[PDB]
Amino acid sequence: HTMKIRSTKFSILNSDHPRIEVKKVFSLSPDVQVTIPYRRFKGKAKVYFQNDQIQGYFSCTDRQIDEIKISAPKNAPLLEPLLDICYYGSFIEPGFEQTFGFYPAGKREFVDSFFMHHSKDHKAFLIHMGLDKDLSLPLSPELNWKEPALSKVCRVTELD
């Protein structure tokens, strides 16, 4: 049932369809290509996640996150599990349909690149969700839980 990405555990609570594999082909030249498959959702899904003392669920439609609900310690840095969620759904680029600015050799490399790149700069997550003027929302743009800021990550709230 359960899957793991790095230290984050995932359990699908419900979903329209089983997860699908996309076999993405990158062309290096007319007669040389690299195929790097990735998994994603077709239609709707609601998925539980857990990483040590952080947990919650997200809802998505295809490759768009619709909401995330979280329980975590005050001031917890949520970058790591949030990138694990992003990987699990193929929610942000680069790393799925887009390369990191050079041709990838295969999946192992492409996964390592994803976590290096987006850990150094996670702006793709902020762009995916959007930023909100509603300062009552819990997630700061640096992805720290309940940190004050002049904007907050859209559609990320505390668990009921």
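Counting begins at 1, following the sequence as shown.
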### Summary
Comparing 88 to 96 with 40 to 48, the higher average Cα temperature factor in the PDB entry belongs to 40 to 48
### Message
Averaging CA B factors per stretch from the PDB record, which one is higher: 17 to 25 or 134 to 142?
### Response
17 to 25
### Query
Split the chain's modelled residues into thirds by Cα B-factor; is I54 in the lowest, middle or highest one?
highest
### Query
Which third of the chain holds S7 when residues are ordered by C-alpha B factor: lowest, middle or highest?
highest
### Third of the chain, ranked by Cα B-factor, where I65 sits
lowest
#### Entry: Chain-relative CA temperature factor third for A105
highest
